Every structure is written in C-alpha cells, then in structure tokens.
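Written below as structure tokens is the structure these notes are about.
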Amino acid sequence: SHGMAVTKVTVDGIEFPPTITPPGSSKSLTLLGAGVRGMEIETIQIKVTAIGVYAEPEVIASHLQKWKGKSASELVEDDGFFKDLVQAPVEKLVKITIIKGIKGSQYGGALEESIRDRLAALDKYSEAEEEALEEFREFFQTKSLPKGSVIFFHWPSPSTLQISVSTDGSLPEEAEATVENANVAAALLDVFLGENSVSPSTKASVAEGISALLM
Ligand SMILES: O=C1C[C@@H](c2ccc(O)cc2)Oc2cc(O)cc(O)c21
Ligand SMILES: [Cl-]
C-alpha cells in the first residue's frame, strides 16, 4: 500500500513478518524481537543468520508479571529474566533466516554438539537426550541451507520441539520433525536466549519487546 500505514520489521535490512502461524499449527504468534547471529572468524565479523522470536503477546506477558515495569536494559542484564522466558509454559516459535549458506549437516552438527555439551555441563545429559540429539542431527543431515532458506523451530509446549526447513523462505504446512525431549527442547531455546547466547542482539531486541509489552 502507498496510502495506508504499513509496518515493516527488519534485522540489518532482512524483513521479518510481524506475525506467524507455525507449520502445522492454527494459531498466530507475534514477533517479540529479532537479531543477528554474528561470528568473528579470523577478525572478520560475519553475519550468518537472523533470528526472530515469536509468541502470543498477551499470553506470554501473563507469565512474566514479576518483570512488569522493568526497562529493556534491566531485563537484558538479568539471567533470571531469560530463564523465566525460556521456561514460560506458552507456545513459542523461532524463525531463522540463513544469511551465509551452509550444509544442513554443518548447521545441525554444530548446534547438536553445543546442546550436548551445554546439557552435560548442567548434568542434564542422559541416554534420553543422547537419543533425541541423534534425531535432531539426522533431521538436519537431510537438508541444505542456502542463503535465504528458513528454519522454523516451534515449541508447542516446552517439552516438544518441532522443526521445519524451507529453502525458499516459504512457510511449511505441518512440522517435518518432532523431537520429544524436555531438556533438548529447552537447551535449544537457551542457545538463543540463555547464557553465552549465540545472539546478544536477539536477546536485547526481545528484552525491548517484552519490556514494552509488560507496560
Ligand atoms: O560458521 C558457521 C558454523 C556454525 C556454528 C559455529 C560455531 C558454533 O558453536 C555453532 C555453530 O553456524 C553457521 C551458520 C551459518 O548460516 C553459516 C555458517 O558459516 C555457520
Ligand atoms: Cl542460528
């Protein structure tokens, strides 16, 4: 439209939709915040993906009431806030837009090993998690992730992880994989929102969104 107000959200120029329906779901989630995942390799700051976090705004707000009135800065500096967010028993979705093309096995292998190690550090790695991580890794082995492809990670509840990939950025229609393991599902969300997050900018953006939502 050239005549009515339009809203656009961008992460370094990359558009994110302000709302999304998870693959295979029927309900609509709103963008809480989004950021870039950068990697410093041999002193070069490479942008590799953009990450958007979605949930039902009023619903997630109702599960974060103690944080009401906190500014974005106060939330971003508080590990307890992000732990509440990761644990909140509400539907969540993370949309990843691939910036640097990569093989699925490389993306999935790196993430799987990080989850393995992070779970081990917390003493939350047992045979159940090992098995779930094999399922996770094997899903990504079947995919290619060229520039512009999208990954949808969907948590219909905190113990269930659904995954879908689109190589053209399109939104899939049912989940391609379902991994039933509470610890792996939570650990993946924590890769984005927890300590030693891969994207401080995503965390900061989500803190801004939630701070505003709560007020
Ligand atoms: O460089 C990597 C490897 C990978 C990764 C590296 C370290 C780590 O701890 C976890 C994952 O993430 C990526 C994602 C991309 O779209 C493109 C990339 O080139 C990369
Ligand atoms: Cl990522």
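Identifiers in this document derive from the order of the structure tokens: chains are assigned A, B, ..., residues are numbered from 1 separately in each chain, and ligands are numbered from 1 in order of occurrence.
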
*Exercise: region 203-212 of chain A partners within 9 Å, only C-alpha atoms, chain neighbours under 3 positions left out, as a VMD selection string*: chain A and resid 31 to 35 52 to 53 57 60 to 61 64 67 to 76 81 to 82 192 to 194 197 199 to 200 215

_Taking only C-alpha atoms and all ligand atoms into account, which residues have an atom no farther than 10 Å from ligand 2? I'd like them as a list in words._
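Listed by chain and ascending number, the contacts are residues 36, 37, 38, 48, 49, 50, 51, 52, 94, 95, 96, 97, 98, 99, 107, 108, 111, 151, 191, 192, 198 and 199 of chain A.
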
Store the residues picked out above, limited to N, CA, C and O atoms, as a short mmCIF file (atom, residue, chain, number, x, y, z; two decimals), in the first residue's frame.
data_model
loop_
_atom_site.label_atom_id
_atom_site.label_comp_id
_atom_site.auth_asym_id
_atom_site.auth_seq_id
_atom_site.Cartn_x
_atom_site.Cartn_y
_atom_site.Cartn_z
N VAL A 36 20.64 -10.58 14.95
CA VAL A 36 21.57 -11.23 14.04
C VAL A 36 22.50 -12.13 14.85
O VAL A 36 22.82 -11.84 16.00
N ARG A 37 22.90 -13.23 14.23
CA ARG A 37 23.92 -14.07 14.78
C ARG A 37 25.18 -13.80 14.00
O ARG A 37 25.24 -14.02 12.79
N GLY A 38 26.16 -13.24 14.70
CA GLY A 38 27.45 -12.95 14.10
C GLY A 38 28.50 -13.87 14.66
O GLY A 38 28.41 -14.33 15.80
N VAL A 48 25.78 -14.61 10.00
CA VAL A 48 25.49 -15.94 9.47
C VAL A 48 24.01 -16.26 9.42
O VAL A 48 23.56 -16.95 8.52
N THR A 49 23.24 -15.74 10.37
CA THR A 49 21.79 -15.92 10.37
C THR A 49 21.12 -14.72 11.02
O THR A 49 21.77 -13.96 11.74
N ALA A 50 19.82 -14.59 10.80
CA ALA A 50 18.98 -13.66 11.55
C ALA A 50 17.91 -14.50 12.24
O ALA A 50 17.40 -15.48 11.68
N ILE A 51 17.58 -14.10 13.46
CA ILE A 51 16.77 -14.91 14.36
C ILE A 51 15.62 -14.07 14.89
O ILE A 51 15.86 -13.00 15.41
N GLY A 52 14.40 -14.58 14.76
CA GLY A 52 13.22 -13.91 15.27
C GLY A 52 12.48 -14.80 16.23
O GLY A 52 12.35 -16.01 16.01
N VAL A 94 10.69 -19.84 16.86
CA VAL A 94 11.89 -19.13 16.43
C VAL A 94 12.02 -19.35 14.94
O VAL A 94 11.96 -20.48 14.47
N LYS A 95 12.14 -18.25 14.22
CA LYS A 95 12.37 -18.27 12.79
C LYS A 95 13.80 -17.85 12.54
O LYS A 95 14.22 -16.79 12.97
N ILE A 96 14.54 -18.71 11.84
CA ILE A 96 15.90 -18.43 11.46
C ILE A 96 15.95 -18.18 9.97
O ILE A 96 15.49 -19.03 9.20
N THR A 97 16.50 -17.04 9.56
CA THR A 97 16.76 -16.80 8.14
C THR A 97 18.24 -16.98 7.93
O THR A 97 19.05 -16.33 8.58
N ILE A 98 18.61 -17.88 7.02
CA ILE A 98 20.01 -18.15 6.76
C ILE A 98 20.60 -17.02 5.90
O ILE A 98 20.05 -16.70 4.84
N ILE A 99 21.70 -16.44 6.36
CA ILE A 99 22.41 -15.42 5.60
C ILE A 99 23.59 -16.02 4.85
O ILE A 99 23.78 -15.75 3.67
N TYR A 107 25.21 -27.05 9.99
CA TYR A 107 24.39 -26.27 10.89
C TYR A 107 23.89 -27.14 12.04
O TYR A 107 24.03 -26.79 13.23
N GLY A 108 23.33 -28.29 11.70
CA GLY A 108 22.77 -29.19 12.69
C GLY A 108 23.84 -29.82 13.58
O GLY A 108 23.65 -30.00 14.79
N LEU A 111 25.13 -27.18 16.17
CA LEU A 111 24.12 -26.93 17.17
C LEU A 111 23.93 -28.13 18.10
O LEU A 111 23.83 -27.99 19.32
N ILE A 151 14.58 -21.76 8.78
CA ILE A 151 14.32 -22.85 9.72
C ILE A 151 13.25 -22.33 10.67
O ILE A 151 13.36 -21.21 11.18
N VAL A 191 20.08 -21.79 23.72
CA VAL A 191 21.16 -21.40 22.81
C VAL A 191 20.91 -19.99 22.29
O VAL A 191 21.85 -19.22 22.06
N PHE A 192 19.64 -19.65 22.09
CA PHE A 192 19.28 -18.33 21.60
C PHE A 192 19.09 -17.29 22.71
O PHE A 192 19.45 -16.13 22.52
N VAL A 198 24.11 -17.30 21.29
CA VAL A 198 24.71 -17.03 20.01
C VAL A 198 24.34 -15.66 19.46
O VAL A 198 24.94 -15.21 18.49
N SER A 199 23.34 -15.00 20.06
CA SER A 199 22.89 -13.71 19.56
C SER A 199 22.47 -12.75 20.67
O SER A 199 21.28 -12.64 20.99
#

*Pick from A:66, A:8, A:2, A:116, whichever lies nearest to ligand 1 using only C-alpha atoms and all ligand atoms*: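 The answer is A:116, which sits nearest to ligand 1.
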
*For ligand 1, which residue among A:59, A:133, A:145, A:165 is the nearest when counting only C-alpha atoms and all ligand atoms?*
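Among A:59, A:133, A:145, A:165, it is A:145 that comes nearest to ligand 1.
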
_as a PyMOL selection string, please: every residue in chain A that DSSP puts in alpha helix (DSSP H)._
chain A and resi 57-61+72-76+79-87+104-121+127-141+182-193+200-214

*Quick one: pick out all strand (DSSP E or B) residues within region 4-211 of chain A from a backbone DSSP run and write them as a PyMOL selection string.*
chain A and resi 9-11+14-16+19-20+29-41+44-55+92-98+102-103+144-145+150-157+160-166+177-180

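Residue nearest ligand 1 within the list A:130, A:113, A:12, A:174: A:113 [criterion: smallest interatomic distance, only C-alpha atoms and all ligand atoms].
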
_Neighbour list for residue 168 (chain A) as a ChimeraX atom specification, cut-off 10 Å, only C-alpha atoms, skip fewer than 3 positions in-chain_ = /A:145-150,165,171

Output the selection as a PDB file, in the first residue's frame - N, CA, C and O atoms for each residue.
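Writing the result to selection-v3.pdb gives the following:
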ATOM      1  N   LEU A 145      20.977 -25.701   3.343  1.00  0.00           N
ATOM      2  CA  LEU A 145      20.561 -24.392   3.868  1.00  0.00           C
ATOM      3  C   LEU A 145      21.239 -23.262   3.111  1.00  0.00           C
ATOM      4  O   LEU A 145      22.097 -22.548   3.641  1.00  0.00           O
ATOM      5  N   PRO A 146      20.847 -23.089   1.847  1.00  0.00           N
ATOM      6  CA  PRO A 146      21.392 -21.959   1.108  1.00  0.00           C
ATOM      7  C   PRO A 146      20.928 -20.636   1.665  1.00  0.00           C
ATOM      8  O   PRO A 146      19.943 -20.572   2.403  1.00  0.00           O
ATOM      9  N   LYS A 147      21.633 -19.581   1.287  1.00  0.00           N
ATOM     10  CA  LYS A 147      21.223 -18.225   1.638  1.00  0.00           C
ATOM     11  C   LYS A 147      19.747 -18.038   1.336  1.00  0.00           C
ATOM     12  O   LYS A 147      19.276 -18.394   0.256  1.00  0.00           O
ATOM     13  N   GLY A 148      19.013 -17.496   2.309  1.00  0.00           N
ATOM     14  CA  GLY A 148      17.595 -17.243   2.153  1.00  0.00           C
ATOM     15  C   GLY A 148      16.703 -18.356   2.662  1.00  0.00           C
ATOM     16  O   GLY A 148      15.490 -18.167   2.781  1.00  0.00           O
ATOM     17  N   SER A 149      17.261 -19.539   2.914  1.00  0.00           N
ATOM     18  CA  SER A 149      16.461 -20.607   3.477  1.00  0.00           C
ATOM     19  C   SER A 149      16.054 -20.192   4.886  1.00  0.00           C
ATOM     20  O   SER A 149      16.662 -19.298   5.486  1.00  0.00           O
ATOM     21  N   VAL A 150      15.031 -20.857   5.386  1.00  0.00           N
ATOM     22  CA  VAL A 150      14.481 -20.564   6.690  1.00  0.00           C
ATOM     23  C   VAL A 150      14.301 -21.847   7.492  1.00  0.00           C
ATOM     24  O   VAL A 150      13.938 -22.889   6.951  1.00  0.00           O
ATOM     25  N   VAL A 165      12.116 -26.886   7.647  1.00  0.00           N
ATOM     26  CA  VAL A 165      13.004 -26.073   6.843  1.00  0.00           C
ATOM     27  C   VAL A 165      12.319 -25.731   5.547  1.00  0.00           C
ATOM     28  O   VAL A 165      11.656 -26.577   4.941  1.00  0.00           O
ATOM     29  N   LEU A 171       6.658 -20.674   4.181  1.00  0.00           N
ATOM     30  CA  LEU A 171       6.194 -21.249   5.444  1.00  0.00           C
ATOM     31  C   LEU A 171       5.532 -22.628   5.255  1.00  0.00           C
ATOM     32  O   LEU A 171       4.465 -22.721   4.645  1.00  0.00           O
TER      33      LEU A 171
END

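Among the candidates A:45, A:19, A:201, A:7, the residue lying nearest to ligand 1 is A:45 (atoms considered: only C-alpha atoms and all ligand atoms).
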
_7 Å contact set for residue 180 (chain A), only C-alpha atoms, chain neighbours under 3 positions out, as a list in words_ =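 Within the cut-off, the hits are residues 159, 160 and 161 of chain A.
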
Kindly save the residues from that selection, with N, CA and C atoms included, as a CSV table (one decimal), in the first residue's frame.
chain,number,residue,atom,x,y,z
A,159,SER,N,8.3,-29.0,26.3
A,159,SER,CA,9.0,-30.3,26.1
A,159,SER,C,9.0,-30.9,24.7
A,160,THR,N,8.4,-30.2,23.8
A,160,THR,CA,8.2,-30.7,22.4
A,160,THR,C,8.8,-29.7,21.5
A,161,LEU,N,9.7,-30.2,20.6
A,161,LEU,CA,10.3,-29.3,19.6
A,161,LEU,C,9.9,-29.8,18.3

*Expressed in Å to a single decimal, how great is the separation between CA of residue 131 (chain A) and CA of residue 179 (chain A)?*
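Spanning CA of residue 131 (chain A) to CA of residue 179 (chain A) is a straight-line distance of 9.7 Å.
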
*May I ask for the distance between CA of residue 15 (chain A) and atom 1 (O, counted along the ligand's line) of ligand 1, given in Å to one decimal place?*
22.0 Å

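Atom pair CA of residue 167 (chain A) / CA of residue 100 (chain A) has a distance of 12.8 Å (rounded to one decimal).
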
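Of the listed residues A:16, A:104, A:93, A:119, the one whose atoms come nearest to residue 169 (chain A) is A:16, with distances taken using only C-alpha atoms.
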
_Need the shell around residue 183 (chain A): protein/DNA/RNA residues with any atom at most 9 Å away, counting only C-alpha atoms. Skip same-chain ones fewer than 3 positions apart. Format as a list in words?_
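Result of the neighbour search: residues 119, 124, 125, 129, 158, 159, 186, 187 and 188 of chain A.
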
Next, dump the selected residues to file, keeping only C-alpha atoms, as a tab-separated table (two decimals), in the first residue's frame.
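Generated output (part-v9.tsv):
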chain	number	residue	atom	x	y	z
A	119	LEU	CA	23.35	-30.25	28.78
A	124	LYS	CA	21.05	-32.84	32.20
A	125	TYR	CA	22.51	-35.28	29.67
A	129	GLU	CA	18.89	-36.69	25.49
A	158	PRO	CA	8.25	-26.57	26.49
A	159	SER	CA	8.97	-30.32	26.15
A	186	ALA	CA	14.79	-26.18	26.47
A	187	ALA	CA	18.51	-26.27	25.67
A	188	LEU	CA	17.87	-25.24	22.08
